[PDB]
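Visitor: Shown below is the structure under consideration.
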Amino acid sequence: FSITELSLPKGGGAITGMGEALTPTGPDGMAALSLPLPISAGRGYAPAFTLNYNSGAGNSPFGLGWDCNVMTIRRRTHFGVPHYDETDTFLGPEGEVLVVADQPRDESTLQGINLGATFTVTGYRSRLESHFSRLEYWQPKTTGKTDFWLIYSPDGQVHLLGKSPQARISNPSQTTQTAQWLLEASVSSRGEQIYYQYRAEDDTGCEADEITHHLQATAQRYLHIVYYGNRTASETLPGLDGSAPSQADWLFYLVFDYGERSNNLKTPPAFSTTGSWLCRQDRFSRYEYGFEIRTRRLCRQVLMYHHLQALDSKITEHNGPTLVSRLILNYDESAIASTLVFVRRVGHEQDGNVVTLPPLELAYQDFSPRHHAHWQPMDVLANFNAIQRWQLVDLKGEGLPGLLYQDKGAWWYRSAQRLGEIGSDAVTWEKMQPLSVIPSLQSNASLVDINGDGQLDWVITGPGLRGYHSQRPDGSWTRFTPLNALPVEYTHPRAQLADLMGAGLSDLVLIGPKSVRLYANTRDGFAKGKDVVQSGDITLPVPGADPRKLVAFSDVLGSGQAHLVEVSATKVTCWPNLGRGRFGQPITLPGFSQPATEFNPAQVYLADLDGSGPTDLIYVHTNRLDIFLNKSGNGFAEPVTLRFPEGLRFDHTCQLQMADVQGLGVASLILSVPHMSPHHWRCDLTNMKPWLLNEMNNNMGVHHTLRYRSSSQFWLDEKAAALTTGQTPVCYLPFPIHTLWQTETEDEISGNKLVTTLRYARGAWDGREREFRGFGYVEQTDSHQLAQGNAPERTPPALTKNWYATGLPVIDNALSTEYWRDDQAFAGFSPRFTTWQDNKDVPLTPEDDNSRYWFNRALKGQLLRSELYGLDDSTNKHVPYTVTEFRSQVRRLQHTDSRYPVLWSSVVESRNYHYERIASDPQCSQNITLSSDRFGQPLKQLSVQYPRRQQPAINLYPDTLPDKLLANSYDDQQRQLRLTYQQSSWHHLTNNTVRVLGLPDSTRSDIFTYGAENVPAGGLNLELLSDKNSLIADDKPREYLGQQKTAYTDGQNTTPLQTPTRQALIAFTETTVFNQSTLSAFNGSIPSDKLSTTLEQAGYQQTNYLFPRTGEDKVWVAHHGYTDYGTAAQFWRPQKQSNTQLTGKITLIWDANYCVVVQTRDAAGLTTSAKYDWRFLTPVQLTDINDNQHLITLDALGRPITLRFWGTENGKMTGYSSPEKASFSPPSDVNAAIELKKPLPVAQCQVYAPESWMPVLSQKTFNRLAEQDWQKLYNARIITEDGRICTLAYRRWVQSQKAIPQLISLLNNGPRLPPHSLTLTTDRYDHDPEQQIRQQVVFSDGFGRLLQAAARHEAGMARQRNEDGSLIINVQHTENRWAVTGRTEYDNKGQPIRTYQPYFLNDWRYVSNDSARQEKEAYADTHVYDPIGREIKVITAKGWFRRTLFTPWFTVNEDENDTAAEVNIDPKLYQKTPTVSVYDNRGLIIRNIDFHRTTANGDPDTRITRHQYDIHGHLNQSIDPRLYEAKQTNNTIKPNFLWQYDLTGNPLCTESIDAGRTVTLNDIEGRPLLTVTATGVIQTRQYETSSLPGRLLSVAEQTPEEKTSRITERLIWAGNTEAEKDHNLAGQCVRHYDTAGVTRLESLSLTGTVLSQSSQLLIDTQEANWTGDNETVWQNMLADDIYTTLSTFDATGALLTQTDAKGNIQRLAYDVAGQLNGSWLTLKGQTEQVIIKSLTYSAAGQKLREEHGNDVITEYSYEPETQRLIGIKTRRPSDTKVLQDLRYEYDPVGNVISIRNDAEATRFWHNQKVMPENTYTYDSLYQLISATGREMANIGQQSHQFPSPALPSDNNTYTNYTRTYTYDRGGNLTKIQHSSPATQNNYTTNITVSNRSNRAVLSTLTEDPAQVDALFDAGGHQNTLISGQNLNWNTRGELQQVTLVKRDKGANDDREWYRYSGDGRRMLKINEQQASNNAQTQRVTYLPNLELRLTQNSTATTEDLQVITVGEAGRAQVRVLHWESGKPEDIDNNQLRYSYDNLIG
């Protein structure tokens, strides 16, 4: 909940990129990228699309690898083509199998629309529920109607998929057969709609042969237009009746363009276009649905269109829908496969110009066989004899092919093995091993389960087998063939497949890894067999009949099925496989031909070499071989000819095999030669799989690099490593997965790299469901690689070990082994299997093996365990930082269907260990889900905080710890078992038409707190806590924490309803705040009989407990978050909003479409208005409550670029000139904007340069080489349409020759800066001739982080930036000066690792990183982090360093002093004084441990400050070291503080020993209602009424004596009158009566500053008691004097002039950076005289050179490493006299240790010239222990008696002195020892501290601690300054009166009394002296920059004095004394007194 508030965006700052993000997806092991589209949120209900990459993905309309998946529901094809009948299975939108839910029913209508037939509707749900959406299948009983799907989502949405033919993929031959129902429309639960219109495939743009050979290519559907922002609310799906969409009915359109529209940067595309589709080169076809689906299109643009004429009816659209944002997708087009290699966001300005972002470049692994073709001898096969009769095939299913051969009449296999070093990809083969089968027993073409595997996987074909009758029986041997290369229905043939197979098959000769040449047995039935056999209407070639023709199975189309292929000497022909034995009409694949007289089919091999999918065709010559690459199953490219190993001639005795010996998925050439040696050679055409994404560059300073490694190589590593130990691991992954193995992130600006390296093991493959379960073990290793010159302190590699369930128990069970072992840890988790019965979970054991299979399957993918380690040299390197582990629960929701059960998988338990590398003393929390409802919502949850282990014997903590610290880290709050117990109740709306899920109803939290011995086992788990004897059983007690209930409305009636409506409108929220317990805090402050009423008056209400227990009555709640909603026709949009029943509602006025709020009217009627820019739906103009205008403008990308404001000050129009009055075209390049001069009619102007990292080509270089040259450069996307150099393309173009020298050579470093933005900021309005233009430039990095900021400063000395970005330290004067601040260097995880001090530069431009790193005087602090991301070390620029050690129960902080010994006064003193923070098992700091030490050799006192938190988690007690010590001997000592809270954590009662007991009750608005102070005063506050904002109106106070209240404060707030607006007083407290008078507000400015106010004071005799409602009786209590202060400010709000209540005028002047640089004063009547005439600053903004009106100069000196103040010279140039040069010296942490004045003494000290250096010494807590100094001789002993000044006549002297300070253990200064030898005035001041508190008094008042506390009032106010001087105090705790001298017998005392403002400022001081000789009254009135001092007697007014103050005290404030009378003779009038101060002023 939040009250709506209108505001305008801010410009400049960081630079946001495309938003692309690289995703992890650990267990599956793929590289996955997310790239967002420019979709407008519109009204709120909009399409959710992202453009996604995944390395495992094939080709798509978005190129190879990507997709833009829309929600589709489709038939299941995994196990083969669907049959389009009652047996097909359906997949939901996320791919899960769908299962019949309910029994079907008959419906002929839907949402009041008539469907025109009786539909049978069937319920469906996922077999692995997650979202819990519900699906419906609507099937017409009567023909002529189409079937469709509904999805009732769990969030009220309803989706319609596949009703209209435009949104379904069907077989164009028999259109009845539906393959995919695509999302057609959807509607929200509040009346918002979305319609998805696709666009079927056609022949437009295709060439002749494409259309000729691909018939009825209309099946494919492409996404074309998405309509949303419906103009008329409705809960009905659009286009349900069947109508097409009308663009006028919508506000927003998302258009996917596939080439129709123009694609240039000069003109914006048009919503409607006659343009023609583009036909891609890599056209492809898919056949898994039983028919061809052709794809010919590539999406070239994604365009957002707004209906501006409808959003703002003052806009007229001639083109049609207007373009608001554009996304260009440019490809690397190829006939083999197109790849998305360029992505760029673009916007079009109104003037035609375009605004652009840096493009995202992407690069994929290319395939260059010519450069990579090298034959290497297979040295490993020298002992391998066989050359002609052996198969290189993966029999055992390991992912790599082994050696399958026969020798000596036996059969032998040889698995693949790692060659030597683990991690290398080298491969060999292990010692032979006999096959588990015997080929002799087998029949011909027989299925067989090789190597004892359960499943039949291979087919055997040989002469010696039964049934072999080959017509050409020459040179054939027993052969094995994988069943996956043959069609799916080979087992039971049918149709064309059956006719082709005919009688049978003789041989099956693998010619590739997946391609099988076919030979048939002697035919019968068609005995003639003249070549072809006829099947249906297709002629099939009989395999082997024609010896001049190859006949084989091979996926020459790259689609996933074993197609039929014939190869003649002249053409390759393909019959595609349509499943069930169906084969389609033949397609000719042009491009391959051999001379008919030479062609030999035995020389043809089919294998995927390019890895693009389709099989490539290798024809083997004698001295070479030709490689025909496949052009997307559309033909073959020109051959790549490869030579053989020199001197080799391939003949019929040699052998060639195409085998994946690399595991890359591509194939390599395995050559075998008998007569030459070595006999076996190997050619790898690529060592990296091609076409996978491997490079990114956002052209903003980030370069990503991906590297993959085959899962098979990880299998080899796993096998080898697991074979070091004598164990046999089983491979459960029988094929390659190209896993993401390294992600390298390179910051091109900082040079910092970050390499994240991934290992995999325990890969799992399900043979039953033919799915990949994932990798059981995934290892991750982040390694920072910072640039050279950086700090030697890097962050060492961080290692995360993750174990994920696979659902295969043989693996999951054993995963427990690799876990890090802890004999003390709790029992590991086992997955829980339950069945849904009687509305709850019932644990079962899965009955049969099938149930086991499914139950375990559900577990797949869940993170079981994660362990974090730091890989450094620490002695705990092998101990994890953190260890998390998880327990899954699988529930059986339904068992009806016999095939699959319906299961829900959830994580019921989670456990979190924090060891921090300390194996002996971990923290452990654990969350459990005890029960949940049918829809998965939790009903009972338990959060477990475990206790600390009792102190072990083997101390694993470091021995460098302070002594006794570890034992002092133990606390009883650490030894409590804490069980937070949360109950929840929900609302579900479920029927055949409604599904709203997860709606909250009620929540309750209690908490069990148990002794540490109750921790069982082995630990707690779901079962021990669900038991009868559980610790959380219903009979065991528990501390109630709170409860909340959500209150819904129907939108029309107030009374909350029992069951929410589909809209789920939240009326309000009911929250418990009090119970009886917490109410005990008001005992004594609010009488019992009067308590309820009071709470009622404050807004609280009584209500029963939720989930009430026996004996619970009532609690007090607050209702908050009230909303009054509009009608359904208004999209149920909020119209009014109100926080509580105590305040009025604010009213929201929406635009005409209920998209945005255009006006707010608060409960007082103050109006805020917002004009929007409907290109983006962002506010761009604001009319404030004072009817003033604030305007901005936006560029075509939505970024603010200009800000103005104007309005009325003092009833007059002022401000910046509107664009009508004065126009201003903002600059485009930062340089010209910087070269701008005054005036400007803007407050601000932004200029964005995101593309500044891309070098730009010289226009004159464009002229130098132009057009043809440029066109070649541009076509390959080296250059953009604008002169931008694309970094990645250029990179892959330098390493590619034939480019010829790059005359274009500005990528040669030079003019490239990080992304940056400029902000110009005017300080005066445009019609002000002294307007300056402030200039700031901010630099971002490619991740969008702030690097540095430059601010134009007044000319002067500054360092220099070279032409190449080099930093030069030697300073020099310049007129182009910039303060550089914020300079930072990050690593690639965003962590700041170097932070530099500010510095002046002669340029705004960025300084190269290595330049600043290589320079020491570029002072930089280094930061050092741990793998958790916490600072652990900081090495300052001066050398010192701080350090932080994190341990599970305490954190140790060593500061610069504490560590000075490891690298000032005495480093051994501060040795081992760290500050320790000791936590409990709730992360709450329960102890602060310090180590006190005064001398280097003393042993440390241990200071313990103990904090105790109640079981609500609230700070209950705090006790300091000395009372903690005193309490160990007497436990009746009250702690320093004792707090009592409510149930939400608000403090109610504060019992302080120092400040007393304070009680406070707030109202449901959070406002103080009733306070009771420690002295007894009752403060009651009175606010506005329930129809108003609820501002403060009165403050009343009632002492215990006063029997009636006194009204101390009245507030009078302004209204809406046009006069108030004319003075900008709306909503302001115009008349404020306080304790000392009234403050009146007369005029505010456009910047909210006060232009005129006036104070009036009470007559001295009247206490402030504003009673009644008549303001005149109040005004009569005032003194007539009106002190009016009035001022004028600049455009930024800075003060320019101020006029005090006596006409004197201070004037200020600022510089080009907003720093004060001038100060003048004009006394009433006199002329203006300067006070400050010059003032320069340091780069950090600290005062530097100040020249006062007396020509005296002050020069400040700063330590460059730290900016610490080290010098204050004060000199007078008229006589070259150094009046006061103070020099400071600090210790490392910054304590002042020495102050020496290098000036010579003043003329006031006789014969004294030298002033001694002051020295100060501290202890380990930095308490001042010793001090030396100088003092005038005649000072004597110190007290409140001020000395008389020394005069030049007296010839006085000053001596040295030493003071020594003795402090308590609670921080109290107990003793001061002043020793001054020469003077001989040695004394000791003693302070008596109370024994039970920190009240302490001067010894002269008492020496007895037990009597000190009674020297203070109840609230710690000392009521006796000194014995005889009584002190009285306000009712607010402010000093009321000092009785300076008492007098008896009714006489009058000497007294000083004070009057303060309502907010605590002293306004009036009156010193009264009743000395008889002259009864003198001094009166001081404190006013803004003015003091009025008036001294009177009973007879006349002696003195009248005005003290003017120029500056703020402590900063060289200059006072001026002006006398209206009583001026003494010996002082000029209007005296100027310039103050000159020290460090602390």
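Chain identifiers are assigned as A, B, and so on, following the order in which chains appear in the structure tokens; residues are numbered from 1 within each chain, and ligands are numbered from 1 in order of appearance.
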Excluding same-chain residues fewer than 3 positions from residue 1580 in chain A, what lies within 7 Å of it counting only C-alpha atoms, as a list in words?
Guide: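 Counting only the stated atoms, we get residues 1569, 1570, 1571, 1595, 1596 and 1597 of chain A.
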Visitor: Write out as number ranges by chain each polymer residue whose atoms come within 10 Å of range 897-901 of chain A, counting only C-alpha atoms; drop sequence neighbours fewer than 2 positions from it.
Guide: A: 97-101, 127-128, 850-851, 854-855, 891-895, 903-904
Visitor: From range 1039-1212 of chain A, collect each residue whose DSSP state is strand (DSSP E or B) and return the set as an NGL selection string.
Guide: :A and (1039-1049 or 1065-1074 or 1101-1104 or 1114-1120 or 1122-1125 or 1134-1138 or 1146-1150 or 1157-1161 or 1167-1173 or 1178-1183 or 1189-1194 or 1200-1209 or 1212)
Visitor: Next, dump the selected residues to file, keeping only C-alpha atoms, as a PDB file, in the first residue's frame.
Guide:
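Result went into again_3.pdb, see below:
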ATOM      1  CA  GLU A1039       4.330 -16.586  23.398  1.00  0.00           C
ATOM      2  CA  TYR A1040       1.929 -14.808  21.042  1.00  0.00           C
ATOM      3  CA  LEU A1041       3.672 -12.416  18.630  1.00  0.00           C
ATOM      4  CA  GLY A1042       0.853 -11.026  16.509  1.00  0.00           C
ATOM      5  CA  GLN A1043      -1.710 -11.429  13.776  1.00  0.00           C
ATOM      6  CA  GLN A1044      -2.950  -9.731  10.615  1.00  0.00           C
ATOM      7  CA  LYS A1045      -6.130 -10.118   8.557  1.00  0.00           C
ATOM      8  CA  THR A1046      -6.726  -8.778   5.044  1.00  0.00           C
ATOM      9  CA  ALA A1047     -10.107  -7.115   4.457  1.00  0.00           C
ATOM     10  CA  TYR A1048     -11.647  -7.278   0.976  1.00  0.00           C
ATOM     11  CA  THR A1049     -14.500  -5.356  -0.649  1.00  0.00           C
ATOM     12  CA  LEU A1065     -10.150  -5.620  -3.956  1.00  0.00           C
ATOM     13  CA  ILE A1066      -8.373  -4.995  -0.639  1.00  0.00           C
ATOM     14  CA  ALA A1067     -10.602  -2.712   1.425  1.00  0.00           C
ATOM     15  CA  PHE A1068      -8.118  -2.383   4.283  1.00  0.00           C
ATOM     16  CA  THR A1069      -5.630  -4.273   6.446  1.00  0.00           C
ATOM     17  CA  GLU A1070      -6.239  -5.233  10.084  1.00  0.00           C
ATOM     18  CA  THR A1071      -3.091  -5.495  12.216  1.00  0.00           C
ATOM     19  CA  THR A1072      -2.704  -6.363  15.892  1.00  0.00           C
ATOM     20  CA  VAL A1073      -0.690  -3.801  17.853  1.00  0.00           C
ATOM     21  CA  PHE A1074      -1.546  -4.522  21.500  1.00  0.00           C
ATOM     22  CA  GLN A1101     -10.345  -1.539  17.978  1.00  0.00           C
ATOM     23  CA  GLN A1102     -10.939  -4.774  19.860  1.00  0.00           C
ATOM     24  CA  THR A1103     -11.189  -8.075  17.996  1.00  0.00           C
ATOM     25  CA  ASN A1104     -10.968 -11.761  18.819  1.00  0.00           C
ATOM     26  CA  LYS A1114      -9.460  -9.800  22.785  1.00  0.00           C
ATOM     27  CA  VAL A1115      -6.612  -7.952  21.082  1.00  0.00           C
ATOM     28  CA  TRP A1116      -6.318  -4.372  19.844  1.00  0.00           C
ATOM     29  CA  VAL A1117      -5.914  -3.820  16.101  1.00  0.00           C
ATOM     30  CA  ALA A1118      -5.470  -0.936  13.692  1.00  0.00           C
ATOM     31  CA  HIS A1119      -7.142  -0.771  10.288  1.00  0.00           C
ATOM     32  CA  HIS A1120      -4.921   0.875   7.680  1.00  0.00           C
ATOM     33  CA  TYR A1122      -8.143   2.243   2.855  1.00  0.00           C
ATOM     34  CA  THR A1123      -8.931   2.375  -0.869  1.00  0.00           C
ATOM     35  CA  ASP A1124     -12.136   3.408  -2.635  1.00  0.00           C
ATOM     36  CA  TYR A1125     -12.123   1.845  -6.105  1.00  0.00           C
ATOM     37  CA  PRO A1134      -8.332   3.403  -7.089  1.00  0.00           C
ATOM     38  CA  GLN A1135     -10.273   6.656  -6.852  1.00  0.00           C
ATOM     39  CA  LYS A1136      -9.692   7.562  -3.191  1.00  0.00           C
ATOM     40  CA  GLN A1137      -6.978   6.504  -0.750  1.00  0.00           C
ATOM     41  CA  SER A1138      -6.677   7.083   2.991  1.00  0.00           C
ATOM     42  CA  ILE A1146      -6.944  11.950  -1.056  1.00  0.00           C
ATOM     43  CA  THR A1147      -8.702  11.845  -4.417  1.00  0.00           C
ATOM     44  CA  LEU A1148      -7.138  10.464  -7.600  1.00  0.00           C
ATOM     45  CA  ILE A1149      -8.249  11.807 -10.985  1.00  0.00           C
ATOM     46  CA  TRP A1150      -7.125   9.522 -13.815  1.00  0.00           C
ATOM     47  CA  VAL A1157      -3.202   9.682 -12.510  1.00  0.00           C
ATOM     48  CA  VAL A1158      -3.435  13.235 -13.838  1.00  0.00           C
ATOM     49  CA  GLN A1159      -4.487  14.973 -10.611  1.00  0.00           C
ATOM     50  CA  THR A1160      -4.301  14.427  -6.848  1.00  0.00           C
ATOM     51  CA  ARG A1161      -6.424  16.353  -4.336  1.00  0.00           C
ATOM     52  CA  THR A1167      -4.242  20.078  -6.046  1.00  0.00           C
ATOM     53  CA  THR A1168      -1.335  18.527  -7.943  1.00  0.00           C
ATOM     54  CA  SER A1169      -1.619  18.133 -11.718  1.00  0.00           C
ATOM     55  CA  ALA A1170       0.438  16.197 -14.265  1.00  0.00           C
ATOM     56  CA  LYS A1171       0.575  16.540 -18.047  1.00  0.00           C
ATOM     57  CA  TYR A1172       2.033  13.366 -19.550  1.00  0.00           C
ATOM     58  CA  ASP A1173       4.151  12.558 -22.594  1.00  0.00           C
ATOM     59  CA  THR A1178       5.694   9.442 -17.984  1.00  0.00           C
ATOM     60  CA  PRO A1179       4.778  12.790 -16.379  1.00  0.00           C
ATOM     61  CA  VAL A1180       6.472  15.754 -18.030  1.00  0.00           C
ATOM     62  CA  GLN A1181       4.695  18.753 -16.519  1.00  0.00           C
ATOM     63  CA  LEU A1182       3.547  19.325 -12.943  1.00  0.00           C
ATOM     64  CA  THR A1183       1.278  22.017 -11.500  1.00  0.00           C
ATOM     65  CA  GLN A1189       4.676  25.104 -13.159  1.00  0.00           C
ATOM     66  CA  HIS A1190       7.507  22.562 -13.308  1.00  0.00           C
ATOM     67  CA  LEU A1191       8.256  21.395 -16.848  1.00  0.00           C
ATOM     68  CA  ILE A1192      10.680  18.920 -18.402  1.00  0.00           C
ATOM     69  CA  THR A1193      11.252  17.565 -21.894  1.00  0.00           C
ATOM     70  CA  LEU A1194      12.298  14.139 -23.161  1.00  0.00           C
ATOM     71  CA  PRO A1200      14.874  13.930 -19.351  1.00  0.00           C
ATOM     72  CA  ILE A1201      16.868  16.587 -21.195  1.00  0.00           C
ATOM     73  CA  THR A1202      15.520  19.986 -20.036  1.00  0.00           C
ATOM     74  CA  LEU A1203      13.993  21.269 -16.793  1.00  0.00           C
ATOM     75  CA  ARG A1204      12.289  24.626 -16.240  1.00  0.00           C
ATOM     76  CA  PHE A1205      10.016  26.047 -13.593  1.00  0.00           C
ATOM     77  CA  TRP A1206       8.103  29.272 -13.083  1.00  0.00           C
ATOM     78  CA  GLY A1207       5.265  30.599 -10.973  1.00  0.00           C
ATOM     79  CA  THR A1208       4.318  33.400  -8.619  1.00  0.00           C
ATOM     80  CA  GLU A1209       6.515  34.902  -5.918  1.00  0.00           C
ATOM     81  CA  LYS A1212       4.195  38.432  -9.229  1.00  0.00           C
TER      82      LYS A1212
END
Visitor: Which residues come within 10 Å of residue 634 in chain A, counting only C-alpha atoms, excluding same-chain residues fewer than 2 positions away, as an NGL selection string?
Guide: :A and (209-210 or 213 or 281-285 or 335-336 or 556-557 or 587-591 or 614 or 630-632 or 636-637)
Visitor: So that I can see what lies close to residue 564 in chain A, please list as a tab-separated table (two decimals) with N, CA, C and O atoms, in the first residue's frame the residues with an atom at most 10 Å from it, counting only C-alpha atoms and leaving out residues fewer than 5 positions away in the same chain.
Guide:
chain	number	residue	atom	x	y	z
A	486	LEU	N	18.03	-45.38	-37.19
A	486	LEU	CA	16.95	-45.94	-37.98
A	486	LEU	C	15.62	-45.30	-37.58
A	486	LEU	O	15.46	-44.88	-36.43
A	487	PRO	N	14.64	-45.23	-38.49
A	487	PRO	CA	13.36	-44.59	-38.15
A	487	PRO	C	12.74	-45.17	-36.89
A	487	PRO	O	13.07	-46.29	-36.48
A	497	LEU	N	7.81	-47.26	-45.22
A	497	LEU	CA	8.93	-47.92	-44.57
A	497	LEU	C	8.86	-49.43	-44.77
A	497	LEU	O	9.88	-50.07	-45.04
A	500	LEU	N	9.71	-50.29	-48.45
A	500	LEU	CA	11.15	-50.13	-48.64
A	500	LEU	C	11.91	-51.31	-48.04
A	500	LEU	O	12.77	-51.91	-48.69
A	515	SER	N	24.11	-42.09	-39.80
A	515	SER	CA	23.66	-42.36	-41.16
A	515	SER	C	23.99	-43.80	-41.52
A	515	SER	O	25.11	-44.26	-41.29
A	516	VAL	N	23.01	-44.51	-42.08
A	516	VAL	CA	23.11	-45.95	-42.29
A	516	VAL	C	22.79	-46.26	-43.75
A	516	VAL	O	21.66	-46.02	-44.20
A	540	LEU	N	9.66	-45.71	-54.39
A	540	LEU	CA	10.79	-45.85	-53.48
A	540	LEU	C	11.90	-46.65	-54.14
A	540	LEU	O	11.63	-47.74	-54.67
A	541	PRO	N	13.15	-46.19	-54.13
A	541	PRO	CA	14.24	-47.02	-54.66
A	541	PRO	C	14.52	-48.19	-53.73
A	541	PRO	O	14.60	-48.02	-52.51
A	551	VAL	N	21.80	-45.68	-51.04
A	551	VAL	CA	20.50	-45.65	-50.38
A	551	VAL	C	20.75	-45.77	-48.89
A	551	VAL	O	21.30	-46.78	-48.43
A	552	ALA	N	20.35	-44.75	-48.13
A	552	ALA	CA	20.71	-44.69	-46.72
A	552	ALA	C	19.69	-43.86	-45.96
A	552	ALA	O	18.90	-43.12	-46.54
A	553	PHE	N	19.73	-44.01	-44.64
A	553	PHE	CA	18.99	-43.15	-43.72
A	553	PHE	C	19.94	-42.08	-43.20
A	553	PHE	O	21.04	-42.40	-42.74
A	554	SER	N	19.51	-40.82	-43.26
A	554	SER	CA	20.33	-39.73	-42.75
A	554	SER	C	19.50	-38.47	-42.67
A	554	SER	O	18.73	-38.16	-43.59
A	555	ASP	N	19.66	-37.74	-41.56
A	555	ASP	CA	18.93	-36.49	-41.35
A	555	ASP	C	19.59	-35.38	-42.16
A	555	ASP	O	20.19	-34.43	-41.64
A	556	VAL	N	19.48	-35.51	-43.49
A	556	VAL	CA	19.97	-34.48	-44.40
A	556	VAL	C	19.17	-33.19	-44.32
A	556	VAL	O	19.56	-32.20	-44.94
A	573	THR	N	18.73	-37.10	-53.51
A	573	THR	CA	17.29	-37.08	-53.34
A	573	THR	C	16.94	-37.47	-51.91
A	573	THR	O	17.59	-38.34	-51.33
A	574	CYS	N	15.92	-36.83	-51.35
A	574	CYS	CA	15.51	-37.08	-49.98
A	574	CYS	C	14.00	-37.25	-49.90
A	574	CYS	O	13.25	-36.37	-50.33
A	575	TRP	N	13.56	-38.37	-49.34
A	575	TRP	CA	12.17	-38.56	-48.96
A	575	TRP	C	12.05	-38.33	-47.46
A	575	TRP	O	12.58	-39.14	-46.68
A	576	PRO	N	11.42	-37.25	-47.00
A	576	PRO	CA	11.32	-37.01	-45.56
A	576	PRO	C	10.46	-38.06	-44.86
A	576	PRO	O	9.59	-38.69	-45.46
A	577	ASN	N	10.71	-38.22	-43.57
A	577	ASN	CA	10.03	-39.19	-42.72
A	577	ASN	C	8.90	-38.49	-41.98
A	577	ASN	O	9.15	-37.58	-41.19
A	583	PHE	N	6.40	-41.64	-45.71
A	583	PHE	CA	7.47	-40.89	-46.34
A	583	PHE	C	6.87	-39.99	-47.41
A	583	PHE	O	5.98	-40.41	-48.16
A	584	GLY	N	7.35	-38.75	-47.48
A	584	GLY	CA	6.76	-37.75	-48.34
A	584	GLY	C	7.31	-37.79	-49.76
A	584	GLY	O	8.12	-38.64	-50.13
A	586	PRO	N	9.55	-36.71	-52.92
A	586	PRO	CA	11.00	-36.49	-52.89
A	586	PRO	C	11.36	-35.04	-53.15
A	586	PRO	O	10.71	-34.33	-53.91
